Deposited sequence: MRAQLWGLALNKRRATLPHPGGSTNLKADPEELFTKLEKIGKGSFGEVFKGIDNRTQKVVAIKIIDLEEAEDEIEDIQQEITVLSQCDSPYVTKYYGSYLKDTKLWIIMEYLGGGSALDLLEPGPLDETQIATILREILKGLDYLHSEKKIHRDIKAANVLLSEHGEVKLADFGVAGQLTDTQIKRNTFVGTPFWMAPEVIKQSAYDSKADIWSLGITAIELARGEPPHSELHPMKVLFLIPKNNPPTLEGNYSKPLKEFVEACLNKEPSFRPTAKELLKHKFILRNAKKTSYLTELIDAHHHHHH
């Protein structure tokens, strides 16, 4: 965390991307490199309770060096405002691109596959994302898919063992991915119309959700493989990259450029 170099001199904000975790995020320019950056600015006095959360997410992402995790560039503290500088991803989130209209399975598989490479890099480094969902998967202008907005230590994407506050491992991410697959194919997670507290007991109590509708069987089997109530019966991210649904449908990441151009 740099406190001597003035972030307002190092960076040129250009537009507000939107609100984010605990602060506003800007599309910006590193003035030394003139590369585009994402800049979250947090007033630490206005969010004193969540500061360990902020610290934890900075710590976990500063330890990631993978094409599939949003790159971390540093932090700056000017008076009470913390600037968190990250890679900028100009294609938006996976959830943004579900809004132009329902995704076909080629796009679902290609995004799923890229997410899985992120999960497998993380899980091999003994890390957990803890909040895998469409809104936390960001895409570049050229179709690359990267994980962002890590959780630290809404329930719709949570594994049943996570809800029941048991010690959870990488298999929680696998469950969340199975929910994300349903989201990318349907637009929203299971139980999305229900009050969160109801969903909090539905997930431990009920059978795993399955992908309903007119989809190919491998997509349904990909989902149900992820959505196993027992975490130790969920495949690794490495296993799932060989799932028949991924092998038959996933394309090159550049194929998504068309879908990204639809959103703009």
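Of the deposited sequence, positions 1-23, 177-191, 303-306 lack any modelled C-alpha atom.
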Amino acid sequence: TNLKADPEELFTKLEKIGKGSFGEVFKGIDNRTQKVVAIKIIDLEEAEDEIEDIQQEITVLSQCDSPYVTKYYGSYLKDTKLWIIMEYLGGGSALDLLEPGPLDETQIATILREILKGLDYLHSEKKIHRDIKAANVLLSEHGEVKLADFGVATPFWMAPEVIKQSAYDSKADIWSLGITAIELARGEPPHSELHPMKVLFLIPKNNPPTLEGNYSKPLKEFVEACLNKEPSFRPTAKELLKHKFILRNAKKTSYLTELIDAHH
From here on, numbers count along this sequence of modelled residues.
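For clarity, a rigid core is taken as the largest C-alpha set superposing within 1.5 Å between two forms.
With each structure aligned by its rigid core, the stretch whose Cα atoms sit farther from this model in 5 other deposited structures of this protein, between 81-89 and 154-162, is 154-162. Core superposition of the other structures onto this form places the C-alphas of 33-41 farther off in 5 other deposited structures of this protein than those of the other stretch among 33-41 and 234-242.
Compared with other entries of the same protein, residue 48 falls in the group left without coordinates by at least a third of them, where both flanks are modelled. Checked against the record, the higher mean CA B factor of 22-30 and 218-226 lies with 22-30.
In this entry, the higher average B-factor at the C-alpha atoms falls on 41-49, of the pair 41-49 and 57-65. The entry lists C-alpha B-factors for 107, 180, 80, 192, and the highest of these is at 80. The maximum CA B-factor among the listed residues 118, 102, 151, 160, taken from the PDB record, is found at 102. In this PDB entry, the Cα temperature factor of residue 234 sits in the bottom third of its chain's modelled residues, the lowest group.
Per-chain ranking of the deposited C-alpha B factor places residue 131 in the lowest third. Residue 76: CA B factor in the middle third of modelled residues in this chain (values from the PDB entry). Per-chain ranking of the deposited C-alpha B factor places residue 88 in the middle third. Sort the chain's modelled residues by C-alpha temperature factor and residue 166 lands in the highest third, per the entry.
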